[PDB]
Amino acid sequence: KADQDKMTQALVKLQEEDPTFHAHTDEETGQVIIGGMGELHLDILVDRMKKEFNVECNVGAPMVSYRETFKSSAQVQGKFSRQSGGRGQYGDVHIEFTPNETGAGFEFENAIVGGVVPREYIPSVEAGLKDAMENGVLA
Amino acid sequence: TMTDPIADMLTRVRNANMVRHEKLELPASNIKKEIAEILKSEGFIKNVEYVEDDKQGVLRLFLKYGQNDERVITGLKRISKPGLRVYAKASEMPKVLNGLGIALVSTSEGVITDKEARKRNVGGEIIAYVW
Amino acid sequence: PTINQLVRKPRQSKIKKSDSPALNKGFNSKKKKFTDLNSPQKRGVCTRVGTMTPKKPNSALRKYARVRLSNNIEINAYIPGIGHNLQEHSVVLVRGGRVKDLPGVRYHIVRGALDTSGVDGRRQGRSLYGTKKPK
RNA sequence: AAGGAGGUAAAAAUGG
RNA sequence: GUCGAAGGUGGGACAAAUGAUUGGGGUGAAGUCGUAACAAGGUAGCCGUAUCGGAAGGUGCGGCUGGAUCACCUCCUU
RNA sequence: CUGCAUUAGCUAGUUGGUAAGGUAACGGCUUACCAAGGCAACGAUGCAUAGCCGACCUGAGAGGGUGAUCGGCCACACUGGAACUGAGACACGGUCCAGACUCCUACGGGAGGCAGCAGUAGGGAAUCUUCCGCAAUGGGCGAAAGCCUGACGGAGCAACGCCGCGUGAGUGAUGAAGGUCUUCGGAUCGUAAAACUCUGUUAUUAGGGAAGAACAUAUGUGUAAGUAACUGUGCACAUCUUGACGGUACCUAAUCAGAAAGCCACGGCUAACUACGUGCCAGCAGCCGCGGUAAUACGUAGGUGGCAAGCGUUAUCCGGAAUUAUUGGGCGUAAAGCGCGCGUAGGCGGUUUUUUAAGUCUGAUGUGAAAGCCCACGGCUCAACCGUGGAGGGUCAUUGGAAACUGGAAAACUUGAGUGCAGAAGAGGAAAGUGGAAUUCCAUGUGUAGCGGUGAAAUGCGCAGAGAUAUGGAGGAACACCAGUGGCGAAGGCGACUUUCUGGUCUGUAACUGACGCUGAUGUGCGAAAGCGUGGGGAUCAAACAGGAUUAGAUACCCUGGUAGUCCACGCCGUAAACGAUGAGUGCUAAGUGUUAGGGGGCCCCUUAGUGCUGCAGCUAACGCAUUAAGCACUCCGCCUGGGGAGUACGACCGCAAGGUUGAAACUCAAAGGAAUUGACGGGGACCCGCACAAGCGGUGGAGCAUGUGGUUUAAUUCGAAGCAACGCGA
RNA sequence: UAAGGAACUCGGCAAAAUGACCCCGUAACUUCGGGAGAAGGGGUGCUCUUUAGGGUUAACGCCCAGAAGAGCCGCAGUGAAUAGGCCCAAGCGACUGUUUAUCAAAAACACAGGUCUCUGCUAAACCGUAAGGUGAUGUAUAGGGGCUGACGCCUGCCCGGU
Ligand SMILES: [Mg+2]
Ligand SMILES: [Mg+2]
Ligand SMILES: [Mg+2]
Ligand SMILES: [Mg+2]
Ligand SMILES: [Mg+2]
Ligand SMILES: [Mg+2]
Ligand SMILES: [Mg+2]
Ligand SMILES: [Mg+2]
Ligand SMILES: [Mg+2]
Ligand SMILES: [Mg+2]
Ligand SMILES: [Mg+2]
Ligand SMILES: [Mg+2]
Ligand SMILES: [Mg+2]
Ligand SMILES: [Mg+2]
Ligand SMILES: [Mg+2]
Ligand SMILES: [Mg+2]
Ligand SMILES: [Mg+2]
Ligand SMILES: [Mg+2]
Ligand SMILES: [Mg+2]
Ligand SMILES: [Mg+2]
Ligand SMILES: [Mg+2]
Ligand SMILES: [Mg+2]
Ligand SMILES: [Mg+2]
Ligand SMILES: [Mg+2]
Ligand SMILES: [Mg+2]
């Protein structure tokens, strides 16, 4: 890892030398990927980085960013109470989770009647759902 | 113990002037007597008397107050001190209060005022400022 | 103090510290050492890019980058303006000037220098954000 | 008559 | 042959980097436990020292007033 | 001419002498001998950093910062050593050796040193052309023409800086269109624009076109030294020729307002305000801060402000900062007086006389290069710039003068400081001895069921006879009244009495010494309590500890016990709010009134030294201090420089240990603090009042019933009211 | 005993190596004694010249004993023999000592030091039926027994059971 700066500089010089060789960072995986015209191309470029630029590097198959989803629908409830100590905090929600049509994305609907949930906290509920779904629930 | 008789004399004069005393008795010395004579000549004090007694004698100053009881002496400041002595050239002689005051000096030609030092083109140890 | 005391131990002035220490140091690779040199900016590589929460009473998601400088010192630099195109391994120019809200952020990333792009849609004070004249 | 200094008792539930 | 750079061997000195692990320190958002201090802060507080206790802290010994206070005598000032 | 003591010892050819060798030269420069010298708290040695200066930036100055360009001096030339040649080198583009590194090779062997000028790679935020010419100045060689000269003279690139000029000027209300705001009238961009007229700095085109150039050499004469006389040589006057820049600067003629304005800011500091979007988000920010629906602080638009071929940001230095204070600050409570003595070096020092001239003052001479800064003048059209004079700049050196002060020498004085003589008080210290009260324990007689304790309790002690009471004994510790803003001591501290040894202080006298003094780094001692070691002692009290109680809990406060310790001897530790939070010495500056120990003059007056209170002038942010200053002055010492981090870490020294002394930084905040003011509050106080107590009459609480309320139940038992100030209340 | 040099082996077992005298020099740590012969290095024969000395003697003489220089020889001079290998760490026991005669020498025992406990003297404890003895011709700073085991810093809670 002490040679990552040398690796970046070598990649820059090599991209200026060869138009067909590309290097980019993937945000999701936080990995740097090198694209070439073939196995021979990438092998020669790896060896040239190792020797000419004195940056020994290892290469592998790029990691694939997976996603999760719900296959079954269900009504569910969550209730958090923290009144035992000091300040007391109460929250309670009842949400139906449904498998959305593939590719439609997350969809939040607010079927609140009677103001049981103050309208002030509904955006907070949506933000909590978004954070929690950003964090995986299975893997 | 005592370390600056000139300082002490000036401080006696200052304290008496503050309290608006009329006379002032201090132990005498040649330098104190010359300073007192310079003050009398310049007009800051009324009179000077010397008592030639034993134990070095005494100097009896009589202070001068103007009309409305105003004080003729605004302030006296010791310049050269035992801890750090100050000397000046003829061309570097200081003017007290833009000339409205005197700087008492000690010179090869006797202790005189800064005006006389500048006139005779001499320097020396700046004993005190008075204004 | 007495004059004699000053003469024995002279007066000593308070020493002044730099607000941007990371810019005052260069690095010699051959001798593998640091060297004292005052610089107005330094190149660096963004080790991390992200957001930080300011201290009270302010509230926000302030954009910043953890940068390794050319002298091997790792610092937090604020990213000014609306929107930025920085990620890890981006090469950025860093100048002095801390962000009062952010505790450990003592430098700024220059906009419109090296990889960093100018602020898109900026029309007043454009030089401060590296935006060309639209015309 | 009103203020400054020293000694010296007797009393006491708990939470705001 | 003398002197003699570099080199070799040896035990020490000094400086810097780095090190499993470890120590307290600072900062931080509505965190948890109690409530030490500020009123006599509900056991006056603080200083030095010792020991004890989750924690603030408690307790003992000496010291300070930078301590409030009802009744008493003892003087001193106008 | 530099930082560190968290570097105190260094030095053995080292210091000196003798002899010799060696060198341009003196010399431990080197060697032989003899000696033990030399340096150092006036900072040696060690470590770190650094070329020095003229100067440059800043500042009113004093100062602070810096050491690019240009000039001087030094040092170095891949690293180290060496010598050769030479007048000169221990030699950048020389030699030899060694080392590291690199290159060529036919593998036998060879070669190299850009910190010369360009340029390449690398590092970096960042710094240029592998340019033209020796025409000018200078240098080397040559008799000279001349050759060489990446010195130098030029050109190229870079807004990098400074200076200069542009991007147009006059008229122009008819306030044109259009943007923005609007109170829907209008305001503003705005004489701005349009249009008419004018100029060409600039720009384009075409012509003319410098100076810098002196020369040298060569050719003619004239003159001067020498010659027997020429050629030659010196000098003088003439003539041909010599330009990289460059057909550049500059000048002339014609054409066109036509090609030539951007940056930041507009909440306060700080010149400049409005509308929209956003809505503690996005964002801004040097500080204070701004942003959650009315944002002059975020983004855009109009307008405005400051600058302008520049404008902003970052970095660094000085300033503002008197925020290290010599100029020019402080230490009672804001940071700061060592806990206190004794005392070394150093700093400072009473009065008079004579003398010296180190400091001090004054005149002359030399020098402080040039360039620079400042003043003046001159030349580029101006300016920057260039040139020329002046002035300035030393803590400089030599020399001649003055003697008041500081310094040196000599001689006197008694006022300060000590001593003698006559007196005074004292819980000053050390060691032995004696004594009364009280507590605890032990033994015994009488005696019964409690004692003790607290807010209330319980633990505990007691039916074995407790507690109480009486007598006797054992032992330890402290000394009731006197006792007092009283006394003594440097401080800590010292309180029964007696004896022995011993310290200090105060009063009067004026013989006696004659300045012998003050302060005091480093050092050396004492130093409350706790604590430690050894050996004793052990009543009381009492950390730890056990039990009881209180409490939501109670590792406490309270209660019952209880060990170390509290006491003694000898050692150790060396710290306290060790405080007057106030260093020591000295003198001066209104007063009133106590008290302690004296003295003098008539209950009174005066006076010395303490100890208190009140209070002028003066001081202070205020509180307050105020002859026992925190006033006015002088000397010396110690200490401070925002709050945390931290009295911490590291190093050092001390300690048995506990720890003590010395003592940072990174990082973090914009505060932390003092005195005083107004409120509010207090499990602070004083006083005053009220059917608040008290005096008294009658009630409620007890019974039945009416009604309201809580609870429960129900389909609902509608909702509201909850201490006083909800409950025959909204009703 | 070539080259190698722990690759051997459970293990460097054995062997090898060091070894004398003089000189230089010598660390952490420490209870300040030490560690230490630390470590790590240099010298060592013979001849001659010059020369400071000490003991014994009138002296000569005899004996002891250095210093400097110049030479000579060998592969090699404490020329043979005899004469420490050293260092860095960890566990255990403080240390010198003692022990299974004849398979165990150690970390076991002992130890100086600590503490508990008994014992007022015809002591307690021990031997013996007793007499008589040890203890001790001692007397609580003494004597017996238990446990611990230099030194340094310490040694907490429980008395329900025995
Ligand atoms: Mg409390
Ligand atoms: Mg309290
Ligand atoms: Mg306790
Ligand atoms: Mg250097
Ligand atoms: Mg200033
Ligand atoms: Mg050369
Ligand atoms: Mg070269
Ligand atoms: Mg070059
Ligand atoms: Mg680069
Ligand atoms: Mg200043
Ligand atoms: Mg303070
Ligand atoms: Mg004091
Ligand atoms: Mg202290
Ligand atoms: Mg000059
Ligand atoms: Mg004690
Ligand atoms: Mg108790
Ligand atoms: Mg103090
Ligand atoms: Mg008095
Ligand atoms: Mg072999
Ligand atoms: Mg093996
Ligand atoms: Mg063996
Ligand atoms: Mg053993
Ligand atoms: Mg055996
Ligand atoms: Mg055996
Ligand atoms: Mg044992």
Side-chain angles (χ1 to χ4, degrees), chain A residues 82 84-87 89, chain B residues 1-16 18-21 24 26-31 34 54-57 76 78 80-85 87-90 105-112 117 120-125 127, chain C residues 1-8 10-14 16 18-21 23-24 26-30 32-33 37-43 53-63 70-71 80-83 93-97 99-101 103-104 107-108 110 113 121-128 133:
Chain A
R82 206 156 171 269
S84 53
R87 140 100 48 91
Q89 230 76 270
Chain B
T1 62
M2 169 62 69
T3 47
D4 194 339
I6 298 172
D8 170 296
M9 160 174 168
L10 295 182
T11 295
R12 286 171 180 263
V13 169
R14 196 189 297 102
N15 298 7
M18 285 183 182
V19 186
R20 286 186 189 281
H21 283 180
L24 207 188
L26 57 162
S29 75
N30 299 342
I31 186 65
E34 301 137 28
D54 188 26
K55 309 179 163 177
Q56 100 192 92
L76 321 82
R78 184 83 157 104
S80 182
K81 311 182 187 184
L84 171 62
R85 293 211 183 269
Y87 310 95
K89 293 188 177 182
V105 187
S106 178
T107 308
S108 66
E109 301 176 355
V111 303
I112 63 183
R120 317 180 183 178
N121 186 38
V122 292
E125 178 174 322
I127 300 302
Chain C
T2 56
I3 300 298
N4 197 65
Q5 275 173 328
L6 300 178
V7 175
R8 290 163 53 241
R11 297 225 180 254
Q12 199 71 7
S13 292
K14 205 204 295 174
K16 187 60 181 59
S18 179
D19 295 332
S20 291
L23 301 178
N24 301 336
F27 184 75
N28 184 320
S29 301
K30 300 193 175 306
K32 304 162 61 181
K33 64 164 62 175
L37 187 66
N38 298 319
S39 285
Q41 309 92 15
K42 298 200 90 68
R43 190 173 74 261
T53 55
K55 63 190 180 175
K56 305 307 300 180
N58 289 13
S59 62
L61 294 176
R62 309 216 177 285
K63 317 308 187 298
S70 61
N71 61 19
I82 289 136
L93 193 64
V94 183
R95 59 168 179 80
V99 175
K100 186 148 194 302
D101 288 317
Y107 309 89
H108 276 70
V110 178
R122 162 75 58 169
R123 308 186 61 82
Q124 320 186 40
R126 269 187 296 95
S127 65
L128 304 174
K133 196 169 179 60

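Just so it is clear, the values below take in all heavy atoms, side chains as well, and ignore hydrogens, waters and symmetry mates. Below, read A as the first sequence line, B as the second, and so on, with proteins coming before strands; counting in each chain starts at 1.
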Check the interface with nucleotides 352-359 of chain F: list each N/O to N/O pair with the protein under 3.5 Å, or write none.
| residue | atom | partner | partner atom | Å |
| --- | --- | --- | --- | --- |
| F:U352 | OP1 | B:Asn30 | N | 2.9 |
| F:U352 | OP1 | B:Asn30 | ND2 | 3.3 |
| F:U353 | OP1 | B:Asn30 | ND2 | 3.4 |
| F:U353 | OP2 | B:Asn30 | ND2 | 3.3 |
| F:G359 | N2 | B:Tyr87 | OH | 3.0 |

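- At the heavy-atom level, C:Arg62 lies under 4.0 Å from base atoms of the strands shown.
- A gap of 39 Å separates the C1' atoms of F:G663 and F:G631, to the nearest Å.
- Among the atoms of the strands shown, only primed sugar atoms or phosphate atoms (P, OP1, OP2) are found under 4.0 Å from some heavy atom of B:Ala88.
- Neighbours F:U231 and F:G232 form a stacked pair of bases, judged on six-membered rings within the 5.5 Å and 30° limits.
- Remark: F:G363 base-pairs with F:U399. Criterion, Watson-Crick or G-U wobble with two distances under 3.5 Å.
- Phosphate contact (OP1/OP2 of F:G631, side-chain N/O of B:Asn15, threshold under 4.0 Å): absent.
- North puckering is assigned to the sugar ring of F:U502, since its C1'-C2'-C3'-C4' angle is above zero.
- Considering only residues two or more places apart in sequence or on other chains, B:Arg78 meets the salt bridge (charged side-chain N to carboxylate O under 4.0 Å, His left out) condition with B:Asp4.
- Residue-level contact check: C:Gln124 touches the bases, meaning some heavy atom is under 4.0 Å from a base atom.
- Residue contacts shown for C:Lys14 include a base, since a base heavy atom lies under 4.0 Å away.
- Remark: the backbone N or O of C:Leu61 is paired with a side-chain donor or acceptor of C:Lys63 at under 3.5 angstrom.
- In this entry F:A676 carries a north-puckered sugar, per its positive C1'-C2'-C3'-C4' angle.
- A negative value of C1'-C2'-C3'-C4' puts the sugar of G:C32 in the south, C2'-endo-like family.
- Judged by atom type and distance alone, B:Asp4 does not reach the base of F:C634 through any side-chain donor-acceptor pair under 3.5 Å.
- Annotated stems with RNA chain E as a participant read D:1-3 with E:76-78, D:5-7 with E:72-74, E:44-52 with E:57-65, given as range with range, by first number; only runs of 3 or more Watson-Crick or G-U pairs under 3.5 Å qualify.
- Using a 4.0 Å heavy-atom distance criterion, C:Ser13 is classed as a sugar-phosphate-only contact.
- Residue C:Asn4 is classed as a sugar-phosphate contact, given heavy-atom separations below 4.0 Å to backbone atoms only.
- Comparing the P positions of F:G150 and F:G116 gives an interatomic distance of 16 Å, to the nearest angstrom.
- For F:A285, its base sits under 3.5 Å from the side chain of C:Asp101 at one donor and acceptor pair at least.
- Stacking between F:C280 and F:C281 is absent, since the six-membered rings do not have centres under 5.5 Å apart together with planes under 30°.
- For F:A82 and F:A87, the P atoms lie 24 Å apart once the distance is rounded to whole Å.
- At a cut-off of 3.5 angstrom, counting only N and O atoms as typed in the model, there is a donor on one side and an acceptor on the other between the side-chain of B:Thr3 and the base of F:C634.
- Separating the CD atom in B:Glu34 from the OG atom in B:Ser29 is a distance of 7.5 Å, to the nearest 0.5 Å.
- Of all nucleotides listed (F:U326, F:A315, F:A670), F:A670 comes nearest to the side chain of C:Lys55.
- Note on C:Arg95: only backbone sugar-phosphate atoms sit closer than 4.0 angstrom, heavy atoms only; bases stay farther off.
- Across all strands shown, F:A275 forms a Watson-Crick or G-U wobble pair with F:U300, both key distances being under 3.5 Å.
- In this structure, CE on B:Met9 lies 9.0 Å from CG on B:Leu24, to the nearest 0.5 angstrom.
- Comparing the P positions of F:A646 and F:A665 gives an interatomic distance of 13 Å, to the nearest angstrom.
- Rounded to whole Å, atom P of F:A41 lies 16 Å from atom CZ of C:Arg8.
- Stacking holds between F:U18 and F:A19 under the rule that six-membered ring centres lie under 5.5 Å apart and planes differ by under 30°.
- Between the side chain of B:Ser106 and the base of F:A404 there is at least one donor-acceptor pair of N/O atoms closer than 3.5 Å.
- Heavy atoms of C:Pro10 sit nowhere under 4.0 angstrom from any nucleic acid atom.
- In this structure, F:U167 forms no base pair with any nucleotide, since neither Watson-Crick nor G-U wobble geometry is met with both distances under 3.5 Å.
- Between the C:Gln41 side chain and the C:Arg95 main chain, no donor and acceptor come within less than 3.5 Å of each other.
- F:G659 sits 9 Å from F:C573 when the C1' atoms are compared, rounded to a whole Å.
- Here B:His21 does not reach the OP1 or OP2 of F:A617: none of its side-chain N or O atoms lies under 4.0 Å away.
- In this entry F:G698 has no Watson-Crick or G-U wobble partner, no candidate having both defining distances under 3.5 Å.
- Contact detail for B:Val105 and B:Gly124: the closest heavy-atom pair is CG1-C, 3.9 Å.
- Phosphate contact (OP1/OP2 of F:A125, side-chain N/O of C:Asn38, threshold under 4.0 Å): absent.
- Between the NZ atom of B:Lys55 and the P atom of F:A417 there is a distance of 13 Å, rounded to whole Å.
- B:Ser108 contributes no side-chain N or O that forms a donor-acceptor pair with the base of F:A404 under 3.5 Å.
- Nucleotide F:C656 forms no Watson-Crick or G-U wobble pair with any nucleotide shown, as no partner meets the under 3.5 Å limit on both distances.
- No canonical Watson-Crick or G-U wobble pair links F:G708 to F:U233 with each of its two hydrogen-bond distances shorter than 3.5 Å.
- Between the side chain of B:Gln56 and the base of F:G350, no donor-acceptor pair of N or O atoms lies under 3.5 Å.
- Residue note: F:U351 shows a north-type sugar, the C1'-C2'-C3'-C4' torsion being above zero.
- Across all strands, B:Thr107 comes closer than 4.0 Å to base atoms (heavy-atom distances).
- Sugar pucker annotation for F:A159: north, assigned from a positive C1'-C2'-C3'-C4' dihedral.
- We find that CD of C:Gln5 is positioned 5 Å from P of F:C637, with the value rounded to whole Å.
- Contacts made by the side chain of C:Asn58 are confined to the major groove, where a base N7, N6, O6, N4 or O4 atom sits under 5.0 Å from one of its heavy atoms.
- C:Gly81 comes within contact range of the sugar-phosphate backbone alone, with a heavy-atom separation under 4.0 Å but no base atom that close.
- B:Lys89 comes within contact range of the sugar-phosphate backbone alone, with a heavy-atom separation under 4.0 Å but no base atom that close.
- Residue C:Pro1 is classed as a base contact, given a heavy-atom separation below 4.0 Å to a base.
- No stacking contact links strand neighbours F:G190 and F:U191 by the limits of base ring centres under 5.5 angstrom apart and planes under 30 degrees.
- Counting non-hydrogen atoms under 4.0 angstrom, C:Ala113 reaches nothing in the nucleic acid.
- A distance of about 16 Å separates the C1' atoms of F:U314 and F:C264, rounded to the whole Å.
- Not one N or O on the side chain of B:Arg12 forms a donor-acceptor pair closer than 3.5 Å with the backbone of B:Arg14.
- Stacking of the bases of F:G574 and F:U575 is not indicated, since the six-membered rings fail the criterion of centres under 5.5 Å apart and planes under 30° apart.
- Here, F:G495 and F:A427 have their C1' atoms 4 Å apart, quoted to the whole Å.
- Under 3.5 Å, the side chain of B:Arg14 and the base of F:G618 form no donor-acceptor pair of N or O atoms.
- On the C1' atoms, F:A308 is 46 Å away from F:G329, given to the nearest whole Å.
- As judged by a 4.0 angstrom heavy-atom cut-off over every strand, C:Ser18 is placed among residues touching the sugar-phosphate backbone only.
- Nucleotides G:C46 and G:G71 qualify as a pair under the Watson-Crick or G-U wobble definition, both contacts being shorter than 3.5 Å.
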